[PDB]
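Form deposited in one PDB entry, single chain, as structure tokens, below.
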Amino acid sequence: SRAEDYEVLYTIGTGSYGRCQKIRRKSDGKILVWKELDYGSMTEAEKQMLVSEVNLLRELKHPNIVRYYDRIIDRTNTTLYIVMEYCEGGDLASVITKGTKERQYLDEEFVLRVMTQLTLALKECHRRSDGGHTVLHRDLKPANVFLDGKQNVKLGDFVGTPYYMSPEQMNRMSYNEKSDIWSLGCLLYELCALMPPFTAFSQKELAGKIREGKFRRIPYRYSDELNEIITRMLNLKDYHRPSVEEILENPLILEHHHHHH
């Protein structure tokens, strides 16, 4: 309930909401992280915006969703502390970087686990169980996808260039569930090719490439089937993209893909 109940270990990275640090829970020694939100400049109706969102996401529970643990207010530091599961295996962006450095494509099996488990995660957001929510992730990219010790997927974190900008957002249309699917298509594509499906140096020529909807096949190392389903998420028409259910129906997706390395 208070900062005193936790001991900061060190500081990881600083993302959107603010700083993110690894921590030990005083009472039993569990390693975790939390995320700072300085609320010190917010109003009392800018705040009301945050608190409903924070509660919505707090109810989200899934083995491939980063687990919520605690919230903490600190008037002194005017900071809101959201405490969450620590993800030992880092993020997929590092995995992609590593593939690039080593010049080694990832196994189709590893891509199939990631696709399967992010799809289960998004399904719990989009549908799910019972349940009220309907949540869209709205920021699906490798830096927001973490791995545990057995490299299982944890979906987290609900001037640069927006490679994964969907065709809806780019044509003034509201972000919908199929926009999550486009983002997943970009991520899986980049996971295979070790580069995103549309590259460019200016945003206006990236927008142009995205509008035409054309890109390289993922490497030949990968099956026609995997290329097909990823390509399907990159349909320009959102109603031509698979839903999370259609994805999971794919013959490629098997039981062993749902858990551990």
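Here the rigid core means the biggest group of C-alpha atoms that line up within 1.5 Å when the two forms are laid on top of each other. Numbering starts at 1 and follows the sequence shown.
The same protein also exists as the form deposited in another entry; that form is not shown, yet it is the one meant from here on.
Relative to the superposed rigid core, residue 108 undergoes a CA displacement smaller than 2 Å between this form and the one not shown. Shown in the overlay between this form and the one not shown, fitted on the rigid core, is a CA shift at residue 191 smaller than 2 Å.
Core-superposed comparison between this form and the one not shown: CA of residue 80 displaced by 2 Å or more.
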